[PDB]
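Here is the structure we will look at, set down as structure tokens.
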Amino acid sequence: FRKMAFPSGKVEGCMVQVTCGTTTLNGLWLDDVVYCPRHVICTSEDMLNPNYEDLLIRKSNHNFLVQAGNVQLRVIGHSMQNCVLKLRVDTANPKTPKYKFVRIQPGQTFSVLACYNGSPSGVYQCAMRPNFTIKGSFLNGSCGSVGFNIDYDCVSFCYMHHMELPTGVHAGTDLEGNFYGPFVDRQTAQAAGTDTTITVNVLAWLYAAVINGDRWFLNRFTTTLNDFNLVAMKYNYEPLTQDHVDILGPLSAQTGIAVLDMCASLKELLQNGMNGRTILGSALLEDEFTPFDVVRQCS
Amino acid sequence: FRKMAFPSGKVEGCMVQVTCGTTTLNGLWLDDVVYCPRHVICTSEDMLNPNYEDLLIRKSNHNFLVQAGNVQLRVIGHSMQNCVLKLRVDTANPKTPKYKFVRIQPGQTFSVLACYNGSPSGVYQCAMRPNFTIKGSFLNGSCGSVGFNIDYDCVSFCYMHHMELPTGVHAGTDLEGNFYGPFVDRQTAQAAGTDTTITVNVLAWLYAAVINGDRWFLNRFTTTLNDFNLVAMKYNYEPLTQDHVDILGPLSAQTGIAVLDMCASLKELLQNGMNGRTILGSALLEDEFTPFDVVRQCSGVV
Ligand SMILES: CC(C)(C)[C@H](NC(=O)C(F)(F)F)C(=O)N1C[C@H]2[C@@H]([C@H]1C(=O)N[C@H](C=N)C[C@@H]1CCNC1=O)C2(C)C
Ligand SMILES: CC(C)(C)[C@H](NC(=O)C(F)(F)F)C(=O)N1C[C@H]2[C@@H]([C@H]1C(=O)N[C@H](C=N)C[C@@H]1CCNC1=O)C2(C)C
């Protein structure tokens, strides 16, 4: 049972390089617009305390160098939408897929295509954490890499990468330029809210463990939804709603384990610990598989 | 530190579907040849005990339905090479990347593009285990999905998927049709052998830890390679080869920790355990990152 990303090719054909001065990062080229993080306009010194509207008014179209592979795209217009810059170019991208911009909910997952200098580097799956950070793998020059999901050849872009917090987690925006979380695109010490664990995802993953034949954590105890939620809150787990119970329906029907029965197992896991044992090869309870991710891989 | 697959676009453009009878699986379309598992020619009853040479004699070019999407590619020739079928088609794939076929060693990792009906579905990173299985995610119809690495726009194909063993792990061939491990493409009682831990990759993981400042496990001991190999096997760890010592060269140089010093550090971990501390925030020693994977992730390769 593996974390599985979507095939990245439809996104690869959209990645370009954007340079302003000596600051270079990635952009997303859809039709005749390139989307990229607005801090491309900052000198490394500007990033310490930027006034973006002031910085942007001092730029012309010619200050932006957009490279698609070896070919330069002429910038014929620019505007800022929140923390994203939209560069109108003189060429429409022939590989533009059917796409949508979506803002995802905490606990949902997406694939990241990490890129450097407009060139794709690697692909992996992330979840939007409850504190609105992601546990990614990004280095210098990765900004403008995007997160996405793919549904019947439609790419739903949900994340553009902007920054790494001192704890090593990552923060970014939707494609309208609005940050996930209480962060700002300024080079200054920033911390996230205390994180919490995505309960419905842990349950989905326990169902995956049972499907794959691992049942040592199961029990005969029972719990009500409210009593489970009291324990979840005590252990910094997110509340489980009735909608989550409904969403876990198919996995519950497939394994014959009632949702509240799996909740009772999780409650004892939180209260007893894992006694050094593992589940699906993991020494910790995994919360980055949604119920959808689990069904898509088991079914 | 996380499992990063290669971008899959160059491989997606090569995936087709191959049907013989009612059996559909995936094929790899490079230039004017489609490569696929030979059991596409079997009926469900055939797979229980197939004679591939005679079953292939009873097939002709016009028995093979090869489709890119729903577009049929006319088959103009067929041959069998080990457990792969090679179907010559009348159209050269314009999306063919620069490519090589390679046979990998246990411990080496690769990206898998899981496909169904010729349509790519997902991508993930896999390590070839010492017992010649991969811990993959493959459902019905996944056969012919491929594994690959990339280096500077050259795709090295190393795996084609054929089967699932009862423990849930997966087995297949190189692109010349030779199985990894003792497996055969027959629906017969087969089982994965006992597995071992990939020592060279654990060591790479230890170097990755050191690079990030997590180095409590660096001890004052060293060892010889032969002494280490003999002890590691008592802990179900693979012995190191000379090639393993050399592939750890770059990480040894970057950290200044000699390979045999790191072997001595790992030996102490095996002999005394962790003692309730973690490495890279884990109580388990990870063995599915190669030394190249560590450098690839810590650098910005393409
Ligand atoms: C870690 C760094 C301290 C230097 C800083 N972080 C914080 O200032 C914080 F603490 F507020 F997060 C930070 O990320 N940036 C500083 C400057 C941009 C951003 C930045 O360099 N983005 C990179 C885009 N190519 C991706 C980074 C590089 C390392 N890994 C990544 O993911 C902006 C906020 C404008
Ligand atoms: C698990 C199955 C019992 C049915 C059987 N296994 C064993 O007979 C073993 F136990 F010996 F391995 C087995 O896999 N096959 C039987 C028959 C081919 C192969 C097969 O169906 N391949 C599928 C290709 N599309 C991929 C499979 C589907 C499930 N998950 C996968 O990956 C061949 C060996 C010729």
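These protein sequences, in sequence, are chains A and B.
In terms of our numbering, the first sequence is numbered consecutively and its last residue is 299.
In terms of our numbering, the second sequence is numbered consecutively and its last residue is 1302.
From the three backbone atoms N, C-alpha and C, an ideal C-beta is built for every residue, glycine too.
In this structure, does DSSP put residue i in helix, strand or coil?
i	result
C1020/B	strand
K1010/B	helix
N1026/B	strand
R1296/B	helix
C1263/B	helix
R88/A	strand
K234/A	helix
residue 318/A	For chain A, the structure presents residues 1 to 299; residue 318/A sits outside this window and is missing.
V1184/B	coil
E1176/B	coil
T96/A	coil
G1136/B	coil
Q105/A	coil
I1211/B	helix
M1163/B	strand
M4/A	coil
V1302/B	coil
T197/A	strand
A204/A	helix
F228/A	helix
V75/A	strand
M1047/B	helix
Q67/A	strand
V1146/B	strand
Compute the Euclidean distance between the alpha carbons of residue i and residue j, then round it to the nearest angstrom.
i	j	result
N1226/B	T1199/B	14 Å
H244/A	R103/A	19 Å
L280/A	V1169/B	13 Å
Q297/A	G1077/B	36 Å
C1154/B	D1031/B	15 Å
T278/A	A209/A	10 Å
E1045/B	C1014/B	30 Å
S145/A	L55/A	23 Å
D1090/B	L1175/B	21 Å
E1238/B	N1149/B	23 Å
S1119/B	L48/A	46 Å
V1184/B	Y207/A	32 Å
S1121/B	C1115/B	5 Å
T1290/B	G1107/B	7 Å
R215/A	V259/A	15 Å
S282/A	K135/A	17 Å
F1001/B	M4/A	16 Å
residue 305/A	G21/A	Coverage of chain A is limited to positions 1 through 299, which leaves residue 305/A absent and any answer about it impossible.
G1276/B	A1204/B	22 Å
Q1242/B	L1248/B	10 Å
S1137/B	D287/A	19 Å
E1164/B	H39/A	49 Å
Determine the closest residue to residue i out of the options, with distance taken between C-alpha atoms.
i	options	result
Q105/A	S119/A, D185/A, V123/A and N131/A	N131/A
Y1099/B	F1157/B, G1107/B and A1258/B	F1157/B
residue 300/A	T173/A, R38/A and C126/A	The displayed coordinates of chain A run from 1 to 299. Any statement about residue 300/A would go beyond what the structure contains.
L240/A	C263/A, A253/A and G122/A	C263/A
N1236/B	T1197/B, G1193/B and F1221/B	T1197/B
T133/A	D214/A, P166/A and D261/A	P166/A
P1182/B	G1107/B, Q1190/B and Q1242/B	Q1190/B
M128/A	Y116/A, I211/A, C83/A and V112/A	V112/A
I1057/B	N1026/B, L1065/B and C1042/B	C1042/B
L266/A	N219/A, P291/A and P50/A	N219/A
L1285/B	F1292/B, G1273/B, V1295/B and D1293/B	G1273/B
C143/A	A5/A, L248/A, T24/A and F221/A	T24/A
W1029/B	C1020/B, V1040/B, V1016/B and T1022/B	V1016/B
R1088/B	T1096/B, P1050/B, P1094/B and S1079/B	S1079/B
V1301/B	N1140/B, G1027/B, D1195/B and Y1152/B	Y1152/B
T222/A	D246/A, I257/A, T188/A and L248/A	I257/A
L85/A	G27/A, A232/A and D287/A	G27/A
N1212/B	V1033/B, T1109/B, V1202/B and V1294/B	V1294/B
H1161/B	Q1067/B, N1061/B, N1229/B and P1037/B	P1037/B
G1147/B	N1063/B, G1193/B and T1109/B	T1109/B
Since residue i sits in a beta bridge, which residues does DSSP pair it with?
i	result
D1151/B	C1154/B
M1080/B	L1085/B
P1037/B	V1084/B
residue 325/A	With chain A represented from 1 up to 299, any question about residue 325/A goes unanswered, as that position is not in the structure.
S1119/B	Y1116/B
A171/A	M163/A
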